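Have a look at the structure below, then the notes.
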Amino acid sequence: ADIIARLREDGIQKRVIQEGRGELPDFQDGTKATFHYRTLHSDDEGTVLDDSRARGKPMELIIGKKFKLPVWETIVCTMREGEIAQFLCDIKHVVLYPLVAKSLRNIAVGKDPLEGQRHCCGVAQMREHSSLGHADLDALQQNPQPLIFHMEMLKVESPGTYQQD
């Protein structure tokens, strides 16, 4: 119906930079929204904690079925194929963002932890010790802050057309 009018009364406040192209799809339980993300601090420091379009490697959010963090889904429900929007969300919604950051990296290897314990998708020939224990997103665990999420929409598919190979 009107998604810009429900976001302003949700606690959050949205802003689009470039209005994209085409028709706005369903955004319901089982939609594959593929986009970039750049999380930086709003007015406490101005520091960038995470940056995906900086290297050119896009993320993937499942609407309300696989994915744990629901504020990424309410951010992208207003956004269409090719639309770019940057905006703050209140700490009541991004409280479990530093907990799901330890699974949108790790569980995203290939469906569940023990289920796909294997690099067979696109990770081959890299000798590096990773070692989990952040200070950029663990700054919220000592002092939680409402962050700027710069999302960049590229493609989004509905339950029926989307499939993994």
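Numbering follows the entry's author numbering, in which position 141 of the sequence shown is assigned residue number 142; successive positions increment by one, without gaps. Note that beta-carbon positions come from the ideal geometry of N, C-alpha and C, so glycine has one too.
#1: Helix, strand or coil for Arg39 per DSSP?
#2: Shortest alpha-carbon distance to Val101 belongs to which of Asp11, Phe68, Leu50?
#3: When the distance is taken between beta carbons, is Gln146 closer than 7 Å to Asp52?
#4: Between the C-alpha atoms of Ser43 and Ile92, what's the straight-line distance to the nearest angstrom?
#5: Mapping the DSSP letters down to three states, classify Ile5 as helix, strand or coil.
#6: Drop a sphere of 10 angstroms on the beta-carbon of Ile5, count the other beta-carbons inside from all chains shown, and report buried for 16 or more, exposed for fewer.
#7: Mind checking which residues open and close the alpha helix (DSSP H) that includes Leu50?
#8: Can you tell me which residues form a DSSP beta bridge with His151?
#9: For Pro26 and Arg81, I'd like the C-alpha separation in whole angstroms.
In short:
#1: In the sequence shown, the residue the question calls residue 39 occupies position 38. Secondary structure of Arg39 (DSSP, three-state): strand.
#2: Locating residue 101 in the sequence shown gives position 100, counting from the first residue. For the options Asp11, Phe68, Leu50, the alpha carbon positioned closest to that of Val101 is the one of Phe68.
#3: As a position in the sequence shown, residue 52 is number 51, starting the count at 1. As a position in the sequence shown, residue 146 is number 145, starting the count at 1. No.
#4: The residue given as residue 43 occupies position 42 in the sequence shown. The residue given as residue 92 occupies position 91 in the sequence shown. The straight-line gap from Cα to Cα measures roughly 12 Å.
#5: Within the sequence shown, numbered from 1, the residue matching residue 5 stands at position 4. DSSP places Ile5 in helix when its eight states are reduced to three.
#6: Reading the sequence shown from its first residue, position 4 is the one you call residue 5. Residue environment: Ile5 is assigned as exposed (fewer than 16 neighbouring CB atoms within 10 Å of its CB, all protein chains considered).
#7: In the sequence shown, the residue the question calls residue 50 occupies position 49. Where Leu50 is concerned, there is no enclosing alpha helix (DSSP H), although the beta strand (DSSP E) it sits in stretches over 49-52.
#8: Taking the first residue of the sequence shown as 1, we reach residue 151 at position 150. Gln87.
#9: Here residue 26 is taken as the residue at index 25 of the sequence shown, counted from 1. Here residue 81 is taken as the residue at index 80 of the sequence shown, counted from 1. Spanning the two alpha carbons is a distance of roughly 7 Å.
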